[PDB]
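First, one chain by itself: the form deposited without this ligand, in structure tokens.
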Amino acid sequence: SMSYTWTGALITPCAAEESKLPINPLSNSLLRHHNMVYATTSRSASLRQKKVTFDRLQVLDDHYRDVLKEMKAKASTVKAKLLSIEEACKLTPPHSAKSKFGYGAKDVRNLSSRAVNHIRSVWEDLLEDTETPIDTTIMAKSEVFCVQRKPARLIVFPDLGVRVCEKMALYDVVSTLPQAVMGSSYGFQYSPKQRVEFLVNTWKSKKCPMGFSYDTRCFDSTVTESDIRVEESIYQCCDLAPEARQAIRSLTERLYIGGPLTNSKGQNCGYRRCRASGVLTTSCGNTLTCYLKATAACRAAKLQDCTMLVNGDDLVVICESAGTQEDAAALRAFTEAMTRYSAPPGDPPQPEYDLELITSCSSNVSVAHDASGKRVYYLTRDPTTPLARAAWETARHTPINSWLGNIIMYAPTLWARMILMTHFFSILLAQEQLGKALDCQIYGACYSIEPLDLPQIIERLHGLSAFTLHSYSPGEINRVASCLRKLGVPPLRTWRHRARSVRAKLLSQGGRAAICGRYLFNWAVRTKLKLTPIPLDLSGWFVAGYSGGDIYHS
């Protein structure tokens, strides 16, 4: 069937859209070539609609059915909890889209009567009505990139009231089931240093390893009604409260498998028969679907000892080599199988025989050395997009931000350390906001974090070596260097000069600021200070990992 059908009504914005990087002193100190940085808008939405709209031809086979039953046998060990309205409300992001029913995310969080009464009514409706399609809004998402232009991504989400009900029925499921089903291959359970450990150990565990990332084109659109019902069949193997079982069955038929699209102006926009980007089960569902399809395709292709690492639609496979011609051919057979499964490639996959050449989760493993000269593996990526976004959020007030999560994810990197930390710490210090908690977007989720806690966070997510790395690899330095010339970012000597200046200010204030000076900026001085383990709340991160978007943790 068609992933989408359209009536001709437009994908509308509900406010003016900015597509150019403003000319502003603070962002200009970071990046000079402002004309290279752009934000997507609803003006490119029709181009995206064309790409995401197509017919899906799915053909399932014995390997798929075998793998599906192996997954269900493991899902069968799961016992899941129904969340109370209060628990689901506290998981609601503060700046989450308001309901069209007279209340907003803050009213939800405060347990206001209007909000709670309405959420309760929505829940009872899920229990009563198993068929009426649930309305969704379609919007063009505003995302920032560097030229060489991407059309806007389209986001699909239901009303606030429904989102809170999804958490009630399925939060515990999305947070515990993927690990029970996929074990070590479930990527979202890992901190960055633990993802590196698994990739390095899996690689080292093969006699002759071969690995590849697999890019599925427009994954959400490739997701069929069958996939979504199969996904539900895995959820139904959990021990569930009667009302959760019903709310899952109703959400699946009324929301998950598809439904009507309304634009911001309230106009009937079209119809969806594929994955909605903005529902609770998107991340877990995509992960389970991508894992099932890949696991079965490996058997079909006869790849050997194929270890998966799956994070939503992001896939990396590491296996035993059968020789070079054999590998090329088996990988083409793997692609042919995924294609029948309705998971066709975007960029053709290629076999790799070096772990550092594989890009997965938009990152690659690289190597540096700690103060004692020992090798430390860590994740990095091309810094273009992170720098373009840091510049945009510097010039444009963003009640939400992406730069802080970037520093946390990429802390051991040369670029996050010399540029990002230096830049944002200089500014927050001048503005007396080092201590101000920020609402940090990490993938689709939300975390409240004070910049002053960065050292403790980094030491846990990456180890104390993140503050001592040096001797980065030539390829990494090469890549960083070329991006700075391309974006007009001042050279590293200038960032060193800035860091020394902010480091001295951080030290002079003492307290938590001085801890930031000592750990975050020790790379910038000779007279290194003693780096000992720093004398919290990492549970919301560690117990379930990243369980999906529109989730808030404090």
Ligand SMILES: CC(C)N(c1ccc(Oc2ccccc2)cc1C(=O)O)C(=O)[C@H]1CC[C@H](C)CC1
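One rule holds for the numbers: they count along the sequence shown, beginning at 1.
What comes next is about the form deposited with this ligand bound, which does not appear here.
**Q** Flag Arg114 as yes or no: does it have a non-hydrogen atom within 4.5 angstroms of any non-hydrogen atom of this ligand in the entry with it bound?
**A** The answer is no: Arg114 has no heavy atom within 4.5 Å of this ligand.
**Q** Does this ligand get within 4.5 angstroms of any non-hydrogen atom of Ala39 in the entry with it bound?
**A** So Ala39 does not count as contacting this ligand.
**Q** Is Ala73 one of the residues lying within 4.5 Å of this ligand in the entry with it bound, judged by heavy atom distances?
**A** The answer is no: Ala73 has no heavy atom within 4.5 Å of this ligand.
**Q** Give a yes or no for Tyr103: in the entry with it bound, does one of its heavy atoms lie within 4.5 Å of a heavy atom belonging to this ligand?
**A** It does not: once this ligand is placed as it appears in the entry with it bound, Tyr103 has no heavy atom within 4.5 Å of it.
**Q** If you check in the entry with it bound, do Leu414, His470 and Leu484 all have a non-hydrogen atom within 4.5 Å of this ligand?
**A** Every listed residue reaches this ligand in the entry with it bound, so yes.
**Q** Heavy atoms within 4.5 Å of this ligand in the entry with it bound: which of the stretches 471-479, 250-258, 80-88, 265-273 has them?
**A** Answer to the contact question: 471-479.
**Q** From the list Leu68, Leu507, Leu60, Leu492, which entry has a heavy atom within 4.5 Å of this ligand in the entry with it bound?
**A** The option sitting close enough to the partner is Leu492.
**Q** May I ask you to choose, among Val230, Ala244, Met418, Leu428, the residue with a heavy atom within 4.5 Å of this ligand in the entry with it bound?
**A** After the contact test, the surviving option is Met418.
**Q** Would you give me the residues of 162-194 that have any heavy atom within 4.5 Å of this ligand in the entry with it bound, in order from first to last?
**A** Going through 162-194 in order - heavy atoms within 4.5 Å of this ligand in the entry with it bound - there are no hits.
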